[PDB]
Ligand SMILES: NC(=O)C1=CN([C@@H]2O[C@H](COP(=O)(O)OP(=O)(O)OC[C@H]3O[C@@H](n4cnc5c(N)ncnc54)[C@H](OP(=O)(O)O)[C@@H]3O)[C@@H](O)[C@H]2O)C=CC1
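The form deposited without this ligand is given below as one chain in structure tokens.
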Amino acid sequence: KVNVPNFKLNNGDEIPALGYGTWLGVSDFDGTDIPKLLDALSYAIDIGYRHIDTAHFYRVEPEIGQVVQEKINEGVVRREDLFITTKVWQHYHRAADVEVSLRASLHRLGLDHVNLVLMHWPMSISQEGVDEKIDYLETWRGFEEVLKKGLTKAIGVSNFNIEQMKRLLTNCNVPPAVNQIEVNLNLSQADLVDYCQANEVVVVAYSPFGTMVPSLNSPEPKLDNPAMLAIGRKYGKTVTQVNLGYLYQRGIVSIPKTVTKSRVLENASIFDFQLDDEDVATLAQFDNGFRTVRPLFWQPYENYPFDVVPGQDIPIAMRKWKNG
């Protein structure tokens, strides 16, 4: 039904250009929408999604693994057709801990291996909020070890800035396959994207809609933005589709999150149109540095990746939780 094209990673493998997001948010972790996430996942797989993005932190790996096993049992897919990503959180940054975290995640998901595992953030923080001051290079040795053990087919990072990417790429034995970061119409990360792509690291965007979608003095575009609507009518697409297609056209993988099947379907119908120079220039005008995801409680930690706002306690839901 939908046909998602693939980008090539720097290790020989493909990654589908669109992935199904599984993080429900901290609104305090909100479990209420789980059933809808799972039902829209099953639908996503039925219509042709193969890329599933999850994490230890997202709490739902056991349930995602049940859905995957169901779709495999139904004959809808084979394991080999799916691209499944998980992620190691801030308290597992010692080299030997990456194996413990990932094996546990793999048990939850019911798998031999994932297709991709990420360093969720560059900071090393205990469950009690202590800065462990572990270099992400030490952590990366553990990612290289779990690769060699066949626990994953690829290793990557998330939320690394251009300085962290450069130092990682200068020191690693196996380069990261991806850098997963926020990219949207207000936060283009042009220099960081260009740097990654020049080094053959694929960029994967979370919060691809930034603040455009309803979920306060946040910038344009809003969903009722006349220029977005106009670009819409021109190529016969909705506003969200313009947004995703633009990212796609930057060579960026998107991970939208929705629990609504019509949105699932709509998000994947974005590969049959080319934005022309005029509309690319318009969409580029929305870029203004506004960062949708800026966890201020992590500013004081070593390797916090973003620009610090001078003059500001880690909530417990960002440190200690149960899964399933």
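Start at 1 with the first residue shown and count on from there.
- According to the record, no deposited residue between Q274 and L275 is left without atomic coordinates.
- Unmodelled residues of the deposited sequence between neighbouring positions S215 and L216 number 1 to 3.
- Across the two stretches, 244-252 and 71-79, the PDB entry reports the greater mean Cα temperature factor for 71-79.
- In this entry, the higher average B-factor at the C-alpha atoms falls on 228-236, of the pair 83-91 and 228-236.
- Residue-level inspection of the entry shows that, of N303, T22, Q312, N10, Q312 has the top Cα B-factor.
- Looking at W298, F29, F57, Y49, the one whose CA carries the top B-factor in the deposited record is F29.
- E220: CA B factor in the highest third of modelled residues in this chain (values from the PDB entry).
- When the modelled residues of the chain are ordered by C-alpha B-factor, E266 sits in the highest third.
- The deposited CA B-factor of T170 belongs to the middle third of values across its chain.
- In the deposited entry, the Cα temperature factor of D287 places it in the middle third of its chain's modelled residues.
- Among the modelled residues of its chain, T211 has a C-alpha B-factor that falls in the highest third, as given in the PDB entry.
Not on display, but discussed next: the form deposited with this ligand bound.
- Shown here without its partner, the chain carries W140, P175 and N303, none of which come within 4.5 Å of this ligand in the deposited complex through any heavy atom.
- This chain appears without its partner; in the deposited complex, the one residue of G156, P221, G245, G210 with a heavy atom within 4.5 Å of this ligand is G210.
- Shown without its partner, this chain lists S105, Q180, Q189, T152 as candidates; in the deposited complex, only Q180 has a non-hydrogen atom within 4.5 angstroms of this ligand.
- Partner proximity in the deposited complex, defined as non-hydrogen atoms within 4.5 angstroms of this ligand, places exactly one of 225-233, 189-197, 68-76, 119-127 at the interface: 119-127.
- Interface residue remark: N217 is not counted as part of the site for this ligand in the deposited complex, having no heavy atom within 4.5 Å.
- Though the partner is left out of this view, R50 does not reach within 4.5 Å of this ligand in the deposited complex, counting heavy atoms only.
- At a distance threshold of 4.5 angstroms between non-hydrogen atoms, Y58 is in contact with this ligand in the deposited complex.
- Interface residue remark: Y206 is counted as part of the site for this ligand in the deposited complex, having a heavy atom within 4.5 Å.
- Applying a 4.5 Å heavy atom cutoff to this ligand in the deposited complex picks out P256, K257, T258, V259, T260, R263, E266, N267 from 256-287, in order along the sequence.
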